[PDB]
Amino acid sequence: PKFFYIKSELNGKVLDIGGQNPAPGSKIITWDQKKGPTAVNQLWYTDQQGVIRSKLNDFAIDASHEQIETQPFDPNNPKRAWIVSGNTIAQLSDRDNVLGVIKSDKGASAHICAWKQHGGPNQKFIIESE
Ligand SMILES: CC(=O)N[C@H]1[C@H]([C@H](O)[C@H](O)CO)O[C@@](OC[C@H]2O[C@@H](O[C@H]3[C@H](O)[C@@H](O)[C@H](O)O[C@@H]3CO)[C@H](O)[C@@H](O)[C@H]2O)(C(=O)O)C[C@@H]1O
């Protein structure tokens, strides 16, 4: 219902499920903000507890692998509980661990990782209502 974009303060692009792939394990990148029907893979919402889910498949953000990917939500997996805290997307169980944008080294789209808060814009995001 209440959807929003998560925009990076590093490049101005938004969290986006690469190629709108609905399958679990799909990498989340930053891509030009889209508007209209096709923007679904860039739209997110928070469940009751405040955990971020994707409008595309209701999957959560997961940081179990090298780069963040979408995965079905699991209340027992600390790596799948991410919330909006100020201008940071922080881990529910560790506010010091936050998402950050890392530009591609091979001309690809930027990807996202989770690591200790270091105050730069790469770890800052703006929540934009749909
Ligand atoms: C190898 C490759 O295909 N690289 C492209 C990359 C991949 O397709 C995705 O990472 C697969 O998950 O997508 C890039 O663009 C991202 C945007 O894709 C848009 O959809 C594309 C789709 O990805 C293309 O494969 C398809 O041919 O056209 C679709 C529509 O243009 C999404 O709509 C958009 O939100 C982004 O996710 C990328 O940079 O990752 C382009 C790579 O060349």
# chains A, B, ... in the order shown; residues from 1 in each chain; ligands from 1

call {"tool": "residues_around", "arguments": {"residues": "residue 74 (chain A)", "least_positions_apart": "5", "cutoff": "12 Å", "atoms": "only C-alpha atoms", "output": "PyMOL selection string"}}
result
chain A and resi 51+53+58-62+79-82

call {"tool": "residues_near_ligand", "arguments": {"ligand": "ligand 1", "cutoff": "9 Å", "atoms": "only C-alpha atoms and all ligand atoms", "output": "CSV table (one decimal) with N, CA, C and O atoms, in the first residue's frame"}}
result
chain,number,residue,atom,x,y,z
A,15,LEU,N,17.4,2.1,-5.1
A,15,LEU,CA,17.6,0.6,-5.0
A,15,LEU,C,16.6,0.0,-6.0
A,15,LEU,O,15.4,0.4,-6.1
A,16,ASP,N,17.1,-1.0,-6.7
A,16,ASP,CA,16.4,-1.6,-7.8
A,16,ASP,C,16.7,-3.1,-7.9
A,16,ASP,O,17.9,-3.4,-7.9
A,17,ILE,N,15.7,-3.9,-8.0
A,17,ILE,CA,16.0,-5.4,-8.2
A,17,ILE,C,16.4,-5.5,-9.6
A,17,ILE,O,15.5,-5.4,-10.5
A,18,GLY,N,17.7,-5.8,-9.9
A,18,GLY,CA,18.2,-6.0,-11.2
A,18,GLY,C,17.3,-6.7,-12.2
A,18,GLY,O,16.8,-7.9,-11.9
A,19,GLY,N,17.0,-6.1,-13.3
A,19,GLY,CA,16.2,-6.7,-14.4
A,19,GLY,C,14.8,-7.1,-13.9
A,19,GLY,O,14.1,-7.9,-14.6
A,20,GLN,N,14.4,-6.5,-12.8
A,20,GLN,CA,13.1,-6.8,-12.2
A,20,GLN,C,12.9,-8.3,-12.0
A,20,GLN,O,11.8,-8.8,-12.0
A,21,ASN,N,14.0,-9.0,-11.8
A,21,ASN,CA,14.0,-10.4,-11.5
A,21,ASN,C,13.2,-10.7,-10.2
A,21,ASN,O,13.6,-10.2,-9.1
A,26,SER,N,18.2,-12.5,-6.2
A,26,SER,CA,18.4,-11.5,-7.2
A,26,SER,C,19.1,-10.3,-6.6
A,26,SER,O,18.7,-9.8,-5.6
A,27,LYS,N,20.2,-9.9,-7.3
A,27,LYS,CA,21.0,-8.7,-6.8
A,27,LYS,C,20.2,-7.4,-6.8
A,27,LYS,O,19.4,-7.2,-7.8
A,28,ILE,N,20.4,-6.6,-5.8
A,28,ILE,CA,19.8,-5.3,-5.7
A,28,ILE,C,20.9,-4.3,-6.1
A,28,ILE,O,22.0,-4.2,-5.5
A,29,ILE,N,20.6,-3.5,-7.1
A,29,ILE,CA,21.5,-2.5,-7.6
A,29,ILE,C,20.9,-1.1,-7.4
A,29,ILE,O,19.8,-1.0,-6.8
A,30,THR,N,21.6,-0.1,-7.9
A,30,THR,CA,21.0,1.3,-7.9
A,30,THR,C,20.9,1.6,-9.4
A,30,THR,O,21.8,1.3,-10.2
A,31,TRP,N,19.7,2.1,-9.8
A,31,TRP,CA,19.4,2.4,-11.1
A,31,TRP,C,18.6,3.7,-11.2
A,31,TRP,O,17.9,4.1,-10.3
A,32,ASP,N,18.6,4.3,-12.4
A,32,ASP,CA,17.8,5.5,-12.6
A,32,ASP,C,16.4,5.4,-12.1
A,32,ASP,O,15.7,4.4,-12.4
A,33,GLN,N,15.9,6.3,-11.3
A,33,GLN,CA,14.6,6.3,-10.8
A,33,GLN,C,13.5,6.3,-11.9
A,33,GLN,O,13.6,7.1,-12.9
A,34,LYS,N,12.6,5.3,-11.9
A,34,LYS,CA,11.6,5.1,-12.9
A,34,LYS,C,10.3,5.6,-12.3
A,34,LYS,O,10.1,5.7,-11.1
A,38,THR,N,6.2,0.4,-14.5
A,38,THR,CA,7.5,-0.3,-14.5
A,38,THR,C,8.4,0.0,-13.3
A,38,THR,O,9.4,-0.7,-13.1
A,39,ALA,N,7.9,0.9,-12.4
A,39,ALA,CA,8.7,1.2,-11.2
A,39,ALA,C,8.6,0.2,-10.1
A,39,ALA,O,9.2,0.4,-9.1
A,40,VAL,N,7.8,-0.8,-10.3
A,40,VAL,CA,7.5,-1.8,-9.2
A,40,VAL,C,8.8,-2.4,-8.6
A,40,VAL,O,8.9,-2.6,-7.4
A,41,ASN,N,9.8,-2.7,-9.4
A,41,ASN,CA,11.1,-3.3,-8.8
A,41,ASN,C,11.9,-2.3,-8.1
A,41,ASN,O,13.0,-2.6,-7.6
A,42,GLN,N,11.4,-1.0,-8.0
A,42,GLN,CA,12.2,0.0,-7.3
A,42,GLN,C,11.3,0.5,-6.1
A,42,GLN,O,11.7,1.5,-5.4
A,107,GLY,N,32.1,-1.2,-15.2
A,107,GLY,CA,31.1,-0.5,-16.0
A,107,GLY,C,29.6,-0.9,-15.8
A,107,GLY,O,28.7,-0.5,-16.5
A,108,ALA,N,29.4,-1.8,-14.8
A,108,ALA,CA,28.0,-2.2,-14.5
A,108,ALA,C,27.3,-1.3,-13.6
A,108,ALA,O,27.9,-0.2,-13.2
A,109,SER,N,26.1,-1.6,-13.1
A,109,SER,CA,25.4,-0.7,-12.2
A,109,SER,C,26.0,-0.9,-10.8
A,109,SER,O,26.6,-2.0,-10.5
A,110,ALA,N,25.9,0.1,-10.0
A,110,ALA,CA,26.4,0.0,-8.6
A,110,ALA,C,25.7,-1.1,-7.8
A,110,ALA,O,24.5,-1.3,-8.1

call {"tool": "select_by_dssp", "arguments": {"residues": "chain A", "states": "strand (DSSP E)", "output": "PDB file with N, CA and C atoms, in the first residue's frame"}}
result
ATOM      1  N   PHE A   4       7.495   3.338  -1.315  1.00  0.00           N
ATOM      2  CA  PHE A   4       8.502   4.384  -1.411  1.00  0.00           C
ATOM      3  C   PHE A   4       9.759   3.920  -2.139  1.00  0.00           C
ATOM      4  N   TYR A   5      10.557   4.882  -2.589  1.00  0.00           N
ATOM      5  CA  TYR A   5      11.818   4.582  -3.255  1.00  0.00           C
ATOM      6  C   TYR A   5      12.889   4.786  -2.190  1.00  0.00           C
ATOM      7  N   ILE A   6      14.039   4.148  -2.373  1.00  0.00           N
ATOM      8  CA  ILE A   6      15.161   4.324  -1.458  1.00  0.00           C
ATOM      9  C   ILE A   6      16.252   4.872  -2.365  1.00  0.00           C
ATOM     10  N   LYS A   7      16.494   6.178  -2.269  1.00  0.00           N
ATOM     11  CA  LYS A   7      17.477   6.838  -3.124  1.00  0.00           C
ATOM     12  C   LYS A   7      18.844   7.042  -2.481  1.00  0.00           C
ATOM     13  N   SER A   8      19.888   6.697  -3.230  1.00  0.00           N
ATOM     14  CA  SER A   8      21.268   6.825  -2.765  1.00  0.00           C
ATOM     15  C   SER A   8      21.777   8.263  -2.789  1.00  0.00           C
ATOM     16  N   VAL A  14      18.265   4.850  -7.439  1.00  0.00           N
ATOM     17  CA  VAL A  14      17.481   4.180  -6.400  1.00  0.00           C
ATOM     18  C   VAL A  14      17.682   2.669  -6.319  1.00  0.00           C
ATOM     19  N   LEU A  15      17.424   2.091  -5.145  1.00  0.00           N
ATOM     20  CA  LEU A  15      17.568   0.644  -4.985  1.00  0.00           C
ATOM     21  C   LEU A  15      16.617   0.020  -5.990  1.00  0.00           C
ATOM     22  N   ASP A  16      17.127  -0.969  -6.706  1.00  0.00           N
ATOM     23  CA  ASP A  16      16.395  -1.584  -7.795  1.00  0.00           C
ATOM     24  C   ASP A  16      16.741  -3.067  -7.904  1.00  0.00           C
ATOM     25  N   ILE A  17      15.726  -3.924  -8.010  1.00  0.00           N
ATOM     26  CA  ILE A  17      15.982  -5.352  -8.161  1.00  0.00           C
ATOM     27  C   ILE A  17      16.369  -5.545  -9.622  1.00  0.00           C
ATOM     28  N   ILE A  28      20.426  -6.603  -5.802  1.00  0.00           N
ATOM     29  CA  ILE A  28      19.808  -5.288  -5.697  1.00  0.00           C
ATOM     30  C   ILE A  28      20.880  -4.279  -6.078  1.00  0.00           C
ATOM     31  N   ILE A  29      20.591  -3.473  -7.093  1.00  0.00           N
ATOM     32  CA  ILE A  29      21.525  -2.464  -7.577  1.00  0.00           C
ATOM     33  C   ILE A  29      20.889  -1.088  -7.409  1.00  0.00           C
ATOM     34  N   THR A  30      21.574  -0.060  -7.907  1.00  0.00           N
ATOM     35  CA  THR A  30      21.039   1.299  -7.900  1.00  0.00           C
ATOM     36  C   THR A  30      20.863   1.588  -9.385  1.00  0.00           C
ATOM     37  N   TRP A  31      19.697   2.101  -9.755  1.00  0.00           N
ATOM     38  CA  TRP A  31      19.404   2.401 -11.149  1.00  0.00           C
ATOM     39  C   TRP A  31      18.567   3.671 -11.228  1.00  0.00           C
ATOM     40  N   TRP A  44       9.361  -0.084  -2.500  1.00  0.00           N
ATOM     41  CA  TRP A  44       9.475  -0.841  -1.265  1.00  0.00           C
ATOM     42  C   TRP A  44       8.434  -0.385  -0.248  1.00  0.00           C
ATOM     43  N   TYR A  45       8.272  -1.172   0.811  1.00  0.00           N
ATOM     44  CA  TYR A  45       7.357  -0.836   1.893  1.00  0.00           C
ATOM     45  C   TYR A  45       7.903  -1.482   3.152  1.00  0.00           C
ATOM     46  N   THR A  46       7.341  -1.132   4.302  1.00  0.00           N
ATOM     47  CA  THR A  46       7.796  -1.729   5.551  1.00  0.00           C
ATOM     48  C   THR A  46       6.666  -2.537   6.152  1.00  0.00           C
ATOM     49  N   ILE A  52      11.950  -3.643   5.851  1.00  0.00           N
ATOM     50  CA  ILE A  52      11.763  -3.342   4.435  1.00  0.00           C
ATOM     51  C   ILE A  52      11.507  -4.566   3.553  1.00  0.00           C
ATOM     52  N   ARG A  53      10.491  -4.458   2.701  1.00  0.00           N
ATOM     53  CA  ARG A  53      10.130  -5.521   1.766  1.00  0.00           C
ATOM     54  C   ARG A  53       9.972  -4.889   0.387  1.00  0.00           C
ATOM     55  N   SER A  54      10.064  -5.704  -0.656  1.00  0.00           N
ATOM     56  CA  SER A  54       9.903  -5.207  -2.019  1.00  0.00           C
ATOM     57  C   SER A  54       8.446  -5.338  -2.472  1.00  0.00           C
ATOM     58  N   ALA A  60      12.419  -9.642   1.429  1.00  0.00           N
ATOM     59  CA  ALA A  60      13.210  -8.734   2.246  1.00  0.00           C
ATOM     60  C   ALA A  60      14.583  -8.542   1.619  1.00  0.00           C
ATOM     61  N   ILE A  61      15.349  -7.607   2.178  1.00  0.00           N
ATOM     62  CA  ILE A  61      16.707  -7.344   1.731  1.00  0.00           C
ATOM     63  C   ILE A  61      17.564  -8.335   2.520  1.00  0.00           C
ATOM     64  N   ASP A  62      18.503  -8.995   1.848  1.00  0.00           N
ATOM     65  CA  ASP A  62      19.367  -9.977   2.505  1.00  0.00           C
ATOM     66  C   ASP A  62      20.846  -9.689   2.268  1.00  0.00           C
ATOM     67  N   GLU A  69      20.972  -9.066  -1.781  1.00  0.00           N
ATOM     68  CA  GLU A  69      20.043  -9.696  -2.707  1.00  0.00           C
ATOM     69  C   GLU A  69      18.686  -9.794  -2.025  1.00  0.00           C
ATOM     70  N   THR A  70      17.657 -10.101  -2.800  1.00  0.00           N
ATOM     71  CA  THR A  70      16.325 -10.267  -2.241  1.00  0.00           C
ATOM     72  C   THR A  70      16.190 -11.720  -1.790  1.00  0.00           C
ATOM     73  N   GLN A  71      15.472 -11.934  -0.696  1.00  0.00           N
ATOM     74  CA  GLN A  71      15.245 -13.275  -0.166  1.00  0.00           C
ATOM     75  C   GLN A  71      13.933 -13.248   0.602  1.00  0.00           C
ATOM     76  N   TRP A  82      16.077  -5.378   7.763  1.00  0.00           N
ATOM     77  CA  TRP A  82      16.612  -4.042   7.547  1.00  0.00           C
ATOM     78  C   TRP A  82      15.512  -3.014   7.703  1.00  0.00           C
ATOM     79  N   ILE A  83      15.826  -1.918   8.384  1.00  0.00           N
ATOM     80  CA  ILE A  83      14.844  -0.871   8.617  1.00  0.00           C
ATOM     81  C   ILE A  83      15.361   0.494   8.208  1.00  0.00           C
ATOM     82  N   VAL A  84      14.458   1.467   8.193  1.00  0.00           N
ATOM     83  CA  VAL A  84      14.827   2.834   7.868  1.00  0.00           C
ATOM     84  C   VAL A  84      15.069   3.544   9.193  1.00  0.00           C
ATOM     85  N   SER A  85      16.284   4.047   9.373  1.00  0.00           N
ATOM     86  CA  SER A  85      16.631   4.761  10.593  1.00  0.00           C
ATOM     87  C   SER A  85      17.314   6.048  10.169  1.00  0.00           C
ATOM     88  N   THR A  88      19.614   6.254   7.061  1.00  0.00           N
ATOM     89  CA  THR A  88      20.352   5.012   6.897  1.00  0.00           C
ATOM     90  C   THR A  88      19.394   3.837   6.820  1.00  0.00           C
ATOM     91  N   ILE A  89      19.810   2.802   6.103  1.00  0.00           N
ATOM     92  CA  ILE A  89      19.036   1.576   6.033  1.00  0.00           C
ATOM     93  C   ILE A  89      19.915   0.720   6.936  1.00  0.00           C
ATOM     94  N   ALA A  90      19.460   0.524   8.166  1.00  0.00           N
ATOM     95  CA  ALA A  90      20.235  -0.209   9.157  1.00  0.00           C
ATOM     96  C   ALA A  90      19.674  -1.573   9.497  1.00  0.00           C
ATOM     97  N   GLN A  91      20.538  -2.431  10.027  1.00  0.00           N
ATOM     98  CA  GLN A  91      20.137  -3.777  10.415  1.00  0.00           C
ATOM     99  C   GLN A  91      19.341  -3.671  11.709  1.00  0.00           C
ATOM    100  N   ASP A  94      21.437  -4.540  14.615  1.00  0.00           N
ATOM    101  CA  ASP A  94      22.715  -3.835  14.730  1.00  0.00           C
ATOM    102  C   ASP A  94      22.669  -2.530  13.946  1.00  0.00           C
ATOM    103  N   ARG A  95      22.276  -1.451  14.613  1.00  0.00           N
ATOM    104  CA  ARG A  95      22.177  -0.165  13.940  1.00  0.00           C
ATOM    105  C   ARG A  95      23.522   0.344  13.425  1.00  0.00           C
ATOM    106  N   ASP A  96      24.615  -0.246  13.905  1.00  0.00           N
ATOM    107  CA  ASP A  96      25.944   0.158  13.449  1.00  0.00           C
ATOM    108  C   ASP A  96      26.288  -0.474  12.104  1.00  0.00           C
ATOM    109  N   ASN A  97      25.498  -1.456  11.677  1.00  0.00           N
ATOM    110  CA  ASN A  97      25.738  -2.126  10.399  1.00  0.00           C
ATOM    111  C   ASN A  97      24.699  -1.577   9.431  1.00  0.00           C
ATOM    112  N   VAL A  98      25.152  -0.821   8.441  1.00  0.00           N
ATOM    113  CA  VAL A  98      24.221  -0.203   7.504  1.00  0.00           C
ATOM    114  C   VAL A  98      24.583  -0.442   6.047  1.00  0.00           C
ATOM    115  N   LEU A  99      23.589  -0.326   5.172  1.00  0.00           N
ATOM    116  CA  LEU A  99      23.805  -0.524   3.747  1.00  0.00           C
ATOM    117  C   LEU A  99      24.594   0.629   3.150  1.00  0.00           C
ATOM    118  N   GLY A 100      25.356   0.323   2.108  1.00  0.00           N
ATOM    119  CA  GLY A 100      26.141   1.339   1.438  1.00  0.00           C
ATOM    120  C   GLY A 100      26.269   0.998  -0.029  1.00  0.00           C
ATOM    121  N   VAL A 101      26.297   2.027  -0.869  1.00  0.00           N
ATOM    122  CA  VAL A 101      26.426   1.836  -2.306  1.00  0.00           C
ATOM    123  C   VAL A 101      27.897   1.763  -2.690  1.00  0.00           C
ATOM    124  N   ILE A 102      28.219   0.792  -3.542  1.00  0.00           N
ATOM    125  CA  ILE A 102      29.576   0.589  -4.032  1.00  0.00           C
ATOM    126  C   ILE A 102      29.515   0.549  -5.552  1.00  0.00           C
ATOM    127  N   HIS A 111      26.359  -1.697  -6.873  1.00  0.00           N
ATOM    128  CA  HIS A 111      25.710  -2.706  -6.047  1.00  0.00           C
ATOM    129  C   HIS A 111      25.678  -2.228  -4.603  1.00  0.00           C
ATOM    130  N   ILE A 112      25.092  -3.036  -3.726  1.00  0.00           N
ATOM    131  CA  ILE A 112      24.970  -2.660  -2.329  1.00  0.00           C
ATOM    132  C   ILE A 112      25.539  -3.715  -1.397  1.00  0.00           C
ATOM    133  N   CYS A 113      26.185  -3.251  -0.332  1.00  0.00           N
ATOM    134  CA  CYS A 113      26.758  -4.124   0.686  1.00  0.00           C
ATOM    135  C   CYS A 113      26.385  -3.559   2.048  1.00  0.00           C
ATOM    136  N   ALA A 114      26.645  -4.328   3.098  1.00  0.00           N
ATOM    137  CA  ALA A 114      26.347  -3.883   4.448  1.00  0.00           C
ATOM    138  C   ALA A 114      27.632  -3.909   5.250  1.00  0.00           C
ATOM    139  N   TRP A 115      27.957  -2.792   5.895  1.00  0.00           N
ATOM    140  CA  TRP A 115      29.157  -2.723   6.719  1.00  0.00           C
ATOM    141  C   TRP A 115      29.093  -1.591   7.744  1.00  0.00           C
ATOM    142  N   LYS A 116      30.060  -1.580   8.651  1.00  0.00           N
ATOM    143  CA  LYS A 116      30.105  -0.581   9.702  1.00  0.00           C
ATOM    144  C   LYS A 116      29.867   0.842   9.218  1.00  0.00           C
ATOM    145  N   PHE A 125      20.856   7.397   2.556  1.00  0.00           N
ATOM    146  CA  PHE A 125      19.749   7.260   1.622  1.00  0.00           C
ATOM    147  C   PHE A 125      18.602   8.185   1.991  1.00  0.00           C
ATOM    148  N   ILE A 126      17.772   8.496   1.001  1.00  0.00           N
ATOM    149  CA  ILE A 126      16.608   9.352   1.200  1.00  0.00           C
ATOM    150  C   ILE A 126      15.376   8.537   0.828  1.00  0.00           C
ATOM    151  N   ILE A 127      14.380   8.531   1.710  1.00  0.00           N
ATOM    152  CA  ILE A 127      13.141   7.803   1.469  1.00  0.00           C
ATOM    153  C   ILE A 127      12.203   8.728   0.702  1.00  0.00           C
ATOM    154  N   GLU A 128      11.811   8.303  -0.494  1.00  0.00           N
ATOM    155  CA  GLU A 128      10.943   9.110  -1.345  1.00  0.00           C
ATOM    156  C   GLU A 128       9.594   8.428  -1.570  1.00  0.00           C
ATOM    157  N   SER A 129       8.534   9.051  -1.071  1.00  0.00           N
ATOM    158  CA  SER A 129       7.191   8.504  -1.220  1.00  0.00           C
ATOM    159  C   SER A 129       6.865   8.318  -2.694  1.00  0.00           C
TER     160      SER A 129
END

call {"tool": "atom_distance", "arguments": {"atom1": "CA of residue 124 (chain A)", "atom2": "CA of residue 13 (chain A)"}}
result
12.0 Å

call {"tool": "atom_distance", "arguments": {"atom1": "CA of residue 64 (chain A)", "atom2": "CA of residue 23 (chain A)"}}
result
16.0 Å

call {"tool": "select_by_dssp", "arguments": {"residues": "chain A", "states": "helix (DSSP H, G or I)", "output": "number ranges by chain"}}
result
A: 18-20, 37-42, 78-80, 121-123

call {"tool": "atom_distance", "arguments": {"atom1": "CA of residue 49 (chain A)", "atom2": "CA of residue 93 (chain A)"}}
result
12.4 Å
